[PDB]
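Nothing in this text is a laboratory measurement; each read-out follows from the coordinates by a stated rule. Every residue, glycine as well, gets a Cβ built from its backbone with ideal geometry; the counts of neighbours run over all protein chains shown.
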Amino acid sequence: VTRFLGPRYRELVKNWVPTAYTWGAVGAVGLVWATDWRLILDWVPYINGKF
Amino acid sequence: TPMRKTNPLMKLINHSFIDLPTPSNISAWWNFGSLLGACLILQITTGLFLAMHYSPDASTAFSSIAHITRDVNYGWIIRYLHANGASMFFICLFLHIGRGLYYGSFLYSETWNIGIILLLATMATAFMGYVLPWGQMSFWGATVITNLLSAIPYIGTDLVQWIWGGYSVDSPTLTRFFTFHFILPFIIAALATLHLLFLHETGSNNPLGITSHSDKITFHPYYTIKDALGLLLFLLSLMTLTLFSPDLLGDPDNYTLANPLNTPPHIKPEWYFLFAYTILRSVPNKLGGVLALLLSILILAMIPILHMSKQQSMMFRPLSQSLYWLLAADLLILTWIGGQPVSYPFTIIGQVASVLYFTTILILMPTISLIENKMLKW
Amino acid sequence: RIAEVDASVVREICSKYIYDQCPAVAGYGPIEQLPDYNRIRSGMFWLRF
Amino acid sequence: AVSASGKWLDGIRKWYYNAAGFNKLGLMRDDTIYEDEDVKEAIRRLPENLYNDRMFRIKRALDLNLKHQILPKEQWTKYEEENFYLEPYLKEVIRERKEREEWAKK
Amino acid sequence: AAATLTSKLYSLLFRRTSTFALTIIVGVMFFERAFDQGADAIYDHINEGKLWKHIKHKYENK
Ligand SMILES: CCCCCCCCCCCCCCCCC[C@@H](O)O[C@H](CO[C@H](O)CCCCCCCCCCCCCCC)COP(=O)(O)OCC[N+](C)(C)C
Ligand SMILES: CCCCCCCCCCCCCCCCC[C@@H](O)O[C@H](CO[C@H](O)CCCCCCCCCCCCCCC)COP(=O)(O)OCC[N+](C)(C)C
Ligand code: HEM
Ligand code: HEM
């Protein structure tokens, strides 16, 4: 726990953050698409299968 | 130091799937085995959603299915995927057994026997499940099949009534069949685990029949996508059977209510049992027809004993190959005869086809195998 | 020139010439446990990244 | 014990030999034999160069089977070409087993 | 010399697997709707006048 603090751990987390943005976007967009959420989906330019 | 080698669950997955050696030259036929493994899942999952509406009472079993096909949303697709799914299950099953008979895979005798027991399990499962819908053919098939048990010489009728739960087929029999039908497939799964367990300490056979230790290859890179394609073609053929011609593998009359009083004409059991049924039609005696029936499936156990050739696969032994396709044609003959009413032409062809079915693999095959031995000078 | 080198530079260049490539491989025996070329080529890239 | 009819037997054996497909894969006759424990010990006793020739021809067969191809017609094994290398050894092994069994039943 | 469109499609996206999964899901996001209205337009095209949704006009809305 205490050992994980450290400048190289900061450098490493900074190296791996964008990958977390990517997978976070993957899970978020994927979650919305799977459940066909009306509130988030409508905002989109073309996806209007819901009425 | 890969983690697969460390964690025990990842160890077993590393064995059964990701890393176990297989012959490289394995063909499309072996894929059917894995397909069976897939089919069972479907037959569970799909079936699991039919049990949520089905009512196993005799007075309401039919109307509940009407409730599924009509009232329930998307119920009919589940219904037809289930019913056609059993048919695909037995097709892959027959092709699988034919593959095992052709390439000399029966030499793995323990795996062979577990396969036989698992076969009988799947047969009983399909039977009781076909009894569930509670139509005309369902009710009548149950009465006809159950009576065979009555054939046994001393215990007979007490045992038969012990299955019925009464004098005659009725609601308790339907509920019992619903329970056993519910429970059996998972036992089929555990057997399948035994099956693969015995299988993997020797390794999968290859079409040439020669040992493939020189050319073993990891399962993950290749056969996972090969089986992905085979599973995709399987889903293709299944969905084509369900969404275009749901009925043709089935039989009209089941959509009528069961009548204990009235009796349906053609009285034909669903197609995968038909050939066996012909044997019942073939031997005039009751108990003799029953024993011939049990021999029809047990007979597979005797095959390794009857093996005489100093080789596995038929591919290098064309005569035995011709006997093999004679055997397949004969099975088509019985399978067609099971769909027909007794009459002069059929009864004679059925008897000849049955006797030929027994004689070709209890006599001719070993002998022509010996002939193939003498022709090759050893 | 070496002083100019940085960890970001090493990441950019190693990602440029090593990551997701199609390596030449040589093996003088007794090889047999050596992974088939698809396993190696698969081993050239992470899925976590 | 037939004479010219025995030459006829050589003919039908040759035809059946060409009926078997292992010639298409370059295999010697003895490669095709099923490998039970007697054959296993029989292979164990093989001279190294011969054992190597056997293992390689087996790989060539499996590799041809991979791509579903066929060995070129010039390269096919011929009926007179074959050397029945494994027979003496396998006969020694089997005879030893029969000896141990005949001793064992007494 | 000039980069192929497949290459510009590659290095900008495919080299990192997470972006690959992302473009996959977005591609599904469009393909679902496109395949939907397309196949429905086809099935509507085969049997005009048979389907009730266009038969509604003879009796709908008073
Ligand atoms: C509301 C939602 C919030 C969450 C947002 C979405 C989350 C998506 C899923 C997150 C998955 C994380 C992806 C990172 C994968 C990398 C995993 C692993 O490889 O990283 C290791 C370690 O990774 C780091 O520990 C973590 C980096 C990412 C952490 C980002 C978290 C940011 C959260 C901030 C809070 C914001 C939201 C709070 C909501 C409550 C380093 O790898 P390694 O090859 O061994 O290192 C070299 C070898 N060493 C160790 C010997 C040197
Ligand atoms: C009936 C019972 C069986 C079930 C039915 C199964 C039906 C499936 C049959 C169809 C075959 C599918 C196989 C096709 C290949 C799969 C794609 C896979 O190969 O992607 C690989 C890797 O996979 C993806 O990259 C990661 C996932 C991306 C998509 C994720 C979508 C969400 C899935 C999460 C599901 C989790 C299960 C739980 C439900 C939520 C790419 O590897 P590779 O081509 O060699 O190298 C690429 C190099 N890159 C990445 C650097 C570009
Ligand atoms: C190998 C496994 C299985 C096979 C081959 C199989 C096969 C069948 C068959 C042939 C039918 C007759 C349906 C018809 O002809 O209309 C059926 C029905 C049924 N199955 Fe299965 N089955 C299997 C496993 C399961 C499992 C695991 C369940 C779990 C719930 C299940 C639940 C049902 C139910 C409830 C019915 C009757 C409902 C209906 O027909 O509408 N089955 N099955
Ligand atoms: C649901 C039913 C079954 C399942 C899930 C199953 C599962 C499997 C699997 C996964 C394999 C791996 C190799 C391959 O797929 O070709 C296999 C092989 C094998 N199976 Fe089955 N099996 C089933 C039924 C049977 C039956 C009925 C028999 C025999 C009558 C049988 C006999 C064999 C034999 C002998 C092998 C060895 C393959 C080889 O030697 O190359 N199995 N089985």
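Some notes on this structure:
- To the nearest ten degrees, helix E:17-46 and the longest principal axis of the Cα atoms of chain E are 20 degrees apart.
- Longest segment of chain C lacking trypsin sites (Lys or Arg not before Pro) that sit in a DSSP loop with at most 11 other Cβ atoms within 10 Å: C:2-47
- Cα-based Rg of the protein assembly as shown normalised by 2.2 N^0.38 Å, two decimals: 1.24
- Overall, chain D carries a charge dipole of about 240 debye about its Cα centre when +1 sits on the Cβ of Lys and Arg and -1 on the Cβ of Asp and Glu, all other atoms neutral.
- Charge context of E:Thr17, other residues only, Cβ under 15 angstrom, K/R +1, D/E -1: +3
- Reachable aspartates and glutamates, given that their alpha-carbon falls under 17 Å from the alpha-carbon of E:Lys58 and they are not under 8 places away in the same chain: E:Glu48
- Rg in Å to one decimal, and Dmax rounded to a whole Å, for segment B:132-208 via C-alpha atoms: 18.4, 56
- Helix axis angle, C:7-17 relative to chain C longest principal axis, alpha carbon, degrees: 40 degrees
- Hydrophobic long helices, here whole DSSP H runs in chain D with Kyte-Doolittle means of at least -1.0 and Cα atoms spread over 20 Å or more along the helix axis, are found at D:4-19, D:48-66.
- Relative intensity of chain B on a log10 scale, I(q)/I(0) at q = 0.09, 0.10, 0.12, 0.14 Å⁻¹, equals -0.61, -0.75, -1.06, -1.36, per a Debye sum over C-alpha point scatterers of equal strength in the absence of solvent.
- Prolate/oblate/rounded label for segment B:1-127 (Cα gyration tensor, a/c 1.5): prolate
- For chain B, the longest principal axis of the alpha carbon atoms and the long axis of helix B:318-337 meet at an angle near 10°.
- Each part gets one Cα centre, and for chain A versus segment B:309-378 those centres are 63 Å apart.
- Listed residues B:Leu293, C:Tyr37, B:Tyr272: farthest to the positive end of the dipole of the protein assembly as shown (Cβ charges): C:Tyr37
- Summing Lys and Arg as +1 and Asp and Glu as -1 over all other residues whose Cβ lies under 12 Å from the Cβ of D:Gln75 gives a net charge of +3.
- Calculated on the alpha-carbon coordinates, the convex hull of chain A measures out at 107 cubic angstrom per residue.
- Distance between segment E:4-46 and segment B:215-245 - C-alpha centres, whole angstrom: 24 Å
- Whether chain E is rounded, prolate or oblate, judged on the alpha carbon gyration tensor where a/c under 1.5 counts as rounded: prolate
- Kirkwood Rh in Å, taken over segment B:30-86 so that all alpha-carbon pairs contribute: 12.2 Å
- Relative contact order of chain B, pairs being alpha-carbon contacts under 8 Å that are 6 or more residues apart, as %: 23 percent
- Cut-off 9 Å between beta-carbons: net charge of the residues surrounding B:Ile210, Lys and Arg +1, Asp and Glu -1: -2
- Cα gyration tensor, segment B:46-118 - rounded (a/c under 1.5), prolate or oblate: prolate
- Gaussian network model of chain D, Cα within-10 Å springs - most flexible of D:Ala42, D:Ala61, D:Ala20: D:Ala20
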